[PDB]
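Listed next as structure tokens is one chain, alone, in the form deposited in one PDB entry.
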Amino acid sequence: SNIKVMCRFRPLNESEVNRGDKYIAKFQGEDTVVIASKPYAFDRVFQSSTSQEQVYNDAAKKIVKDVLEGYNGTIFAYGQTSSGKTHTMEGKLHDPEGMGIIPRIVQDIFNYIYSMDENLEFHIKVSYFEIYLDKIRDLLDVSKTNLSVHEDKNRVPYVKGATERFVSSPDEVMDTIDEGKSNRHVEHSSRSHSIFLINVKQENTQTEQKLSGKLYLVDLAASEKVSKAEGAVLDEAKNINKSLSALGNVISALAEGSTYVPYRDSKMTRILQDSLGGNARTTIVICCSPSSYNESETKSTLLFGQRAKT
């Protein structure tokens, strides 16, 4: 099973306890979470006590290993405001124990590269864009709005004109991430799906053997609650739910072995076709707050976790 849905719970804020929130989550086995006598089964459920290194080892380590062998992988991140999503995916970048998934990914990639002999010429290309209101905006080039998706000789879709920078250090990769996040069209989150690609290219010298691993880190926009029709929030809601539904359809099709996988339903699932198909490894991580004050938000996140796969 190479398609995985994992759910991570977080510890309560101290202000949450001072506010008076009861722990509403019960845990069965290693993969079931019960919220008010309703059980939700996934591939893995990290309880509040599990560490960042554990989350990384269970969710992303094998995807990094595969991308270092020429294969592709994608990691989706979903979660309401203050559900720990940013803590899971980024964390305290400078704390080795409390750093999230992306710094660990970059660190393992470069630590691998520095352990190989130079008979393998390595290169790393980064790319960053966002689908906002169903428009592909390049996060590394603010003038590159409305990017098209095309198909090459081998029929694979690709985002024509997306900026790709060579990077040479984990510091440079996280700098690119900070720049891209700052270029978004605007902890309360934006209303767009951001997509960050790391491309490990490697040539073996005399055999002229070329391998190209693509690792996609996708930050999804969450389907939120109805809130008081002012501005662009309704447009955002329609587009976000359309894209999340298409993504769910494609993950279901690929998790069950469908001949008729609907990559053409949305743009995101056409960009990620070559990385989701081909028996590749995808791990959708959803973050939940166990507070009673976030019962509805957590229910929505859990139901999206179920709608994703099978």
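So that there is no doubt, residue numbering starts at 1 and follows the sequence shown. So that the term is clear: the rigid core is the largest set of C-alpha atoms that superpose within 1.5 Å between two forms.
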Deposited residues missing from the model between residue 228 and residue 229 number 1 to 3
Mind pulling up the entry and telling me whether 177 to 185 or 87 to 95 has the higher mean Cα temperature factor?
87 to 95
Selected stretch [higher average CA B-factor]: 205 to 213 or 190 to 198:
205 to 213
Maximum C-alpha temperature factor per the entry, among 65, 38, 281, 264, belongs to which one?
38
From 58, 31, 69, 256, residue of greatest CA B-factor:
31
Comparing residue 103 with the other modelled residues of its chain, is its CA B-factor in the lowest, middle or highest third?
lowest
For the chain shown, is the CA B-factor of residue 155 in the lowest, middle or highest third of its modelled residues?
highest
Is the Cα B-factor recorded for residue 146 in the lowest, middle or highest third of its chain?
middle
If you rank the chain by CA B-factor, which third does residue 82 end up in: lowest, middle or highest?
highest
Residue 47: which third of its chain by C-alpha temperature factor?
highest
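The following text describes the form deposited with a small molecule bound, which does not appear among the structures shown.
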Among 183, 86, 212, 163, which has at least one heavy atom within 4.5 Å of the small molecule in the bound PDB entry?
86
Have a look at 80, 74, 239, 192 for me and say which one sits with a heavy atom within 4.5 Å of the small molecule in the bound PDB entry.
80
Which of 174 to 182, 141 to 149, 86 to 94, 104 to 112 lies within 4.5 Å of the small molecule in the bound PDB entry, heavy atoms considered? The stretch 86 to 94
After fitting the rigid core, tell me which of 199, 176, 82, 163 has its Cα displaced by at least 2 Å between this form and the one not shown.
82
Relative to the superposed rigid core, does residue 278 relocate between this form and the one not shown - that is, does its Cα move 2 Å or more?
yes
Once you overlay the rigid core, does the Cα of residue 35 travel 2 Å or further between this form and the one not shown?
yes
Would the C-alpha of residue 91 be classed as shifted by 2 Å or more between this form and the one not shown after rigid-core alignment?
yes
